[PDB]
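Add 25 to a position in the sequence shown, counting from 1, and you land on the number used in the deposited numbering. Cβ coordinates follow ideal geometry from the N, Cα and C atoms, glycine included. Accompanying notes for the structure given below.
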Amino acid sequence: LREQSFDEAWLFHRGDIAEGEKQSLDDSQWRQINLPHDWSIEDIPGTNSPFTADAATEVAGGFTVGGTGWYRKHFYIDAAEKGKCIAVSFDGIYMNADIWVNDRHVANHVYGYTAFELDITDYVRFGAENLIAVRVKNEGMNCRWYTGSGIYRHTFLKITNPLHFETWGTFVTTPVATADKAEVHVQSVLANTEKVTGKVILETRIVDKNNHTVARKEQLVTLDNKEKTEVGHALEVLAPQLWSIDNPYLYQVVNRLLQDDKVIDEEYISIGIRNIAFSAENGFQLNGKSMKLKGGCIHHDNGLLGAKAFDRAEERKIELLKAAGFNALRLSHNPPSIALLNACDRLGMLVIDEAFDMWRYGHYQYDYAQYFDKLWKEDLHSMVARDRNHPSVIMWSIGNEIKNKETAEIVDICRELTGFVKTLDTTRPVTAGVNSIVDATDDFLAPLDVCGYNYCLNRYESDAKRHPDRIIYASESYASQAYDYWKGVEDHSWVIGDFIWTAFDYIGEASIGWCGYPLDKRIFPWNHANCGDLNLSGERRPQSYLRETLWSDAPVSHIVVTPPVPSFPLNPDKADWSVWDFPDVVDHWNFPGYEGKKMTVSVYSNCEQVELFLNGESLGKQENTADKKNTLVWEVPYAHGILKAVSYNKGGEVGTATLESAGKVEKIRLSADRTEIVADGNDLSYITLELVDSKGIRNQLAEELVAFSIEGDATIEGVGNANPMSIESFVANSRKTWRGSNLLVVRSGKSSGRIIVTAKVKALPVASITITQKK
């Protein structure tokens, strides 16, 4: 095979160790792991938690620990592959990685969010066993959010002929893309290693979802004496299936190098044929259709999985966000895994790809800013060249909240970075996330095609009169001001979308959704941000309910209650500008000891009128006028029972929403998102546990220790809950529930069969669920 997975059968040693790169090192005592891997999500050795209040990351990393780590792997290469080029590909190593092959140092990679490929042909032994050793150094406070540590993304082993397609050298564009026909331009770079000449035939083939050839082109390429030969031609596709959010149809481009009727090299690229256009008068247009960007910002971690970027974990995040109403995502503030972009291609999710969070001036003393002047070309090239073939990517972002933006020195860097992107891709606009915009920022915003405003709703109309051609989107918005921020999008054609901070909760930058700024080390055990539309487990939070009233065509109504005591202790020193926090509300109706006491009940609705009932008794009908911002409020004395909301449009009942008090816990409820997984060693199954009453209602007061056990060829990759102040272990067989729920992830084995997951709670019957492996 030309390209195979390399994640299997690695060795790991936490901490530094002498001669860790030597073949003479005895590694039989090392832990055997299968990538992806993140050692910062595992427990600190000697303790039972991955958090510590004395951590070098503090609030930024959620009080986690990095340090030094070593990876080793023994791999055999056949003697028949002699003369072939051998390359190891890493999609991401965080951070400061050094790689040895057979005792010899190969290269060093600093940036932990970019992919890189190493040619080890001059280091390998054919017909024998080889050794690759990687040292990871994630030391000090280098990031404002949780990063993880180690080889947290997929690795690949590439074996090609000396004459082969260069990595990321093929760029597929669709200059013409209409429902009648489409022109597909394929530009490729032939790596002429050994500098041999002759004639090669380039065969390009476009196949549909059924692998049926729709267009084929053959070109004779006379090989130059140089090591690189640029080739290209265009193909026509009749009546194409246009890629969109509702029809994410993907084609496949098959490029083949033929010589003497033999296949020298062969590559496959998934493409989506679509047309994107940006303007101030008509906003964003996809295939000629005008639409707003219903966007949200996400970070790279996967909660209980740390930074481990499993294909299923990345895909599930897109599936959940798409079900919540999002059609666009801002990847803050770094390149993602390839698995996440593949999921956006297959599911229909627009994406802003962002390169850096800092430039020459950084946030801490030991961050990427100290290397920026030497490495920004390599890392910016890595993002664009790797991801320019994805139809989901609609924008390249070169920075977020850049310091000294109005300074001429930084303005010049913005022009230099913009021009570098345009040497690689001119089909997508260049953008950036800019905060605290003043009139003097015009020189910084001028090189950009589209401008991303960070929390600057007040300048939408004023800057339009000064620059009537400037295109604007809210690159970051507050959850507490969701109504006003989205109204600024609907009222203006040059404001094309809004990206909530955040759409998915994350580890690090802790309690910005509760305690907020200024960030203080005293807030331990806070470790979640508590600012996402979805919590760490993937469940919708109340702010997601309000956002649905803004984005849904259908009638929507949701009932929430203000708790009598704050869910978490308050911060009396919260700044007057840190308003990422949403009002403290819950979606249950169990308040023992407060019977007869007045509760604040809120209904988020997009309907004209809502009438609230408590156990059949009407509490009054209210008009959903514009001043209420889709929030209708009632004062209700507490009583165990049913809260009923009836919605009306044009005087007719259109929907009913209920919130019922839970009884005492009597059963465990298990539900897996997928009960049929692939026995490949990397597929996942997300199992949700709930403590429910006799009627299946989740009791949100239940917080019990659950003991999990597994039977079969499978493993528990992690456990967790949505408690933002929890210091519980993620890599363990037990986990407490929070608000009557916790989450468990099962990793498949490599034998086909059945998997029995067992959950045990004090005073309840044992519960089980059966999941099947295949192949």
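At which residues does the alpha helix (DSSP H) containing residue i begin and terminate?
{"i": "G513", "result": "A507 to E515"}
{"i": "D488", "result": "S487 to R491"}
{"i": "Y570", "result": "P567 to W576"}
Under the three-state reduction of DSSP, which class applies to residue i: helix, strand or coil?
{"i": "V84", "result": "coil"}
{"i": "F445", "result": "helix"}
{"i": "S65", "result": "coil"}
{"i": "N367", "result": "helix"}
{"i": "residue 3", "result": "As shown, the chain starts at 26 and ends at 800. That puts residue 3 outside it, with no answer to give."}
{"i": "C322", "result": "strand"}
{"i": "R440", "result": "helix"}
{"i": "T247", "result": "strand"}
{"i": "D336", "result": "helix"}
{"i": "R547", "result": "helix"}
{"i": "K653", "result": "helix"}
{"i": "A747", "result": "coil"}
{"i": "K347", "result": "helix"}
{"i": "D464", "result": "helix"}
{"i": "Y711", "result": "strand"}
{"i": "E636", "result": "strand"}
{"i": "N555", "result": "coil"}
{"i": "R484", "result": "helix"}
{"i": "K253", "result": "strand"}
{"i": "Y386", "result": "coil"}
{"i": "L595", "result": "coil"}
Classify residue i as buried or exposed, calling it buried when 16 or more other Cβ atoms lie within 10 Å of its own Cβ.
{"i": "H130", "result": "exposed"}
{"i": "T199", "result": "buried"}
{"i": "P416", "result": "buried"}
{"i": "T681", "result": "exposed"}
{"i": "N414", "result": "buried"}
{"i": "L227", "result": "buried"}
{"i": "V791", "result": "exposed"}
{"i": "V455", "result": "buried"}
{"i": "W35", "result": "buried"}
{"i": "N272", "result": "exposed"}
{"i": "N163", "result": "buried"}
{"i": "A507", "result": "buried"}
{"i": "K319", "result": "buried"}
{"i": "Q634", "result": "buried"}
{"i": "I702", "result": "buried"}
Mind checking who residue i pairs with in its DSSP beta bridge?
{"i": "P662", "result": "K623"}
{"i": "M420", "result": "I377"}
{"i": "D144", "result": "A112"}
{"i": "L470", "result": "DSSP lists no partner for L470."}
{"i": "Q48", "result": "None; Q48 has no bridge partner."}
{"i": "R723", "result": "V717"}
{"i": "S518", "result": "According to DSSP, which records beta bridges pairwise, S518 is partnered with nothing at all."}
{"i": "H189", "result": "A216"}
{"i": "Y119", "result": "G175"}
So residue i and residue j are supposed to be a Cβ contact under 8 angstroms. How far apart are they, rounded?
{"i": "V278", "j": "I296", "result": "6 angstroms"}
{"i": "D63", "j": "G173", "result": "4 angstroms"}
{"i": "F76", "j": "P550", "result": "7 angstroms"}
{"i": "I145", "j": "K98", "result": "Going by Cβ atoms, the distance from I145 to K98 rounds to 12 angstroms, so no, they are not a contact pair."}
{"i": "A368", "j": "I343", "result": "4 angstroms"}
{"i": "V679", "j": "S630", "result": "Not quite, the Cβ-Cβ distance comes to about 10 angstroms (not below 8 angstroms), so this is no contact."}
{"i": "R694", "j": "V731", "result": "With 8 angstroms as the limit, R694 and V731 do not qualify as a contact, their Cβ atoms being about 12 angstroms apart."}
{"i": "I184", "j": "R27", "result": "6 angstroms"}
{"i": "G737", "j": "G778", "result": "6 angstroms"}
{"i": "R764", "j": "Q725", "result": "4 angstroms"}
Using 9 angstroms as the limit for Cβ to Cβ distance, is residue i near chain B?
{"i": "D128", "result": "No chain B is present in this structure, which holds just one protein chain."}
Go to residue i, then tell me how far its beta strand (DSSP E) extends in each direction, as first and last residue.
{"i": "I780", "result": "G778 to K785"}
{"i": "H38", "result": "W35 to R39"}
{"i": "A410", "result": "Run containing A410: none in the beta strand (DSSP E); it sits in the alpha helix (DSSP H), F397 to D412."}
{"i": "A202", "result": "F196 to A202"}
{"i": "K98", "result": "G92 to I102"}
{"i": "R355", "result": "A353 to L356"}
{"i": "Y673", "result": "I667 to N674"}
{"i": "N280", "result": "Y276 to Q284"}
{"i": "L644", "result": "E642 to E648"}
{"i": "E736", "result": "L730 to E736"}
{"i": "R760", "result": "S759 to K761"}
Less than 8 angstroms separating the Cβ of residue i from some heavy atom of the ligand MN?
{"i": "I111", "result": "Absence of the ligand MN is noted for the structure shown, with no ligands found whatsoever."}
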